[PDB]
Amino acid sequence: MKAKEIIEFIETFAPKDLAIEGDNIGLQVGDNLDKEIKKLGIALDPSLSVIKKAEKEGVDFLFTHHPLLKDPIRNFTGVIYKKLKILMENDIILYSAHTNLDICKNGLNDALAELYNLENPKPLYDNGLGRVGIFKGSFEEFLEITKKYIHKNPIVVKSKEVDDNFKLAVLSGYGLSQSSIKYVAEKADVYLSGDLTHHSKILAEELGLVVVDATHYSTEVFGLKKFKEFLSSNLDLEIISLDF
């Protein structure tokens, strides 16, 4: 398959216009997209060790969820120099689907919603991020699902008692900012996401919002694996994962 055909396939599943404003999605590093592709590698992060592993495994197309850079640069030294050197010497294409993969149907957030069998799920934010709906069961039933399918030991901020058939909000990745806690506290009883910090925990306790941190890594990798299997079933391509 040609690189531009892989890119079109991905953009059919997760359209570029779904990405929130300023999100650096699409081609990160690459020249010729008529290049033919024998081995695609998928990763959560375009980290130095992921890129080293890609070179070692003979990956020619590297797909990551997070962009290579959020902040623009005009100098090439240290780590970014090492990364680009490996990608350019091996002519490895680096392509990213970030918030457009979180938001799209059957994307990262939908995967979580599907896992918890959320009743009548709606988007958590107006831009499309996250899902919220009724969880048909008890809080403990919700915890056992999280522990078995997402993360063995989630941090639970038990701000209040939770009744059965509660409102559950999910957001894969970093959803536990202070501003998110205040917003979601008005929309849900329980909030499942990643990257909890001190001030957010205090805030969650004050608002009576139950927060479950199943980590940034695990809440995205769950959906990313399903996406990887989707790629495998539909492309006549060797596909491997590098950091999950």
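Start at 1 and count along the sequence shown; that's the residue number.
Relative to its counterpart among 116 to 124 and 170 to 178, 116 to 124 has the higher mean temperature factor, C-alpha atoms as listed in the PDB entry.
Look at the mean CA B-factor for 5 to 13 and for 216 to 224 in the entry; the higher one is 5 to 13. In the deposited coordinates, the residue among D45, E205, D34, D189 with the greatest CA B-factor is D34.
Take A111, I145, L101, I92 and read off each C-alpha B-factor from the entry; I92 has the highest.
Among the modelled residues of the chain, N165 sits in the highest third by CA temperature factor in this PDB entry. In the PDB entry, a CA B factor belonging to the highest third of its chain's modelled residues is recorded for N153. Sorting the modelled residues of the chain by their CA temperature factor places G130 in the lowest third.
Compared with the other modelled residues of the chain, the Cα B-factor recorded for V79 ranks in the highest third. When all modelled residues of the chain are sorted by CA temperature factor, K39 is found within the highest third.
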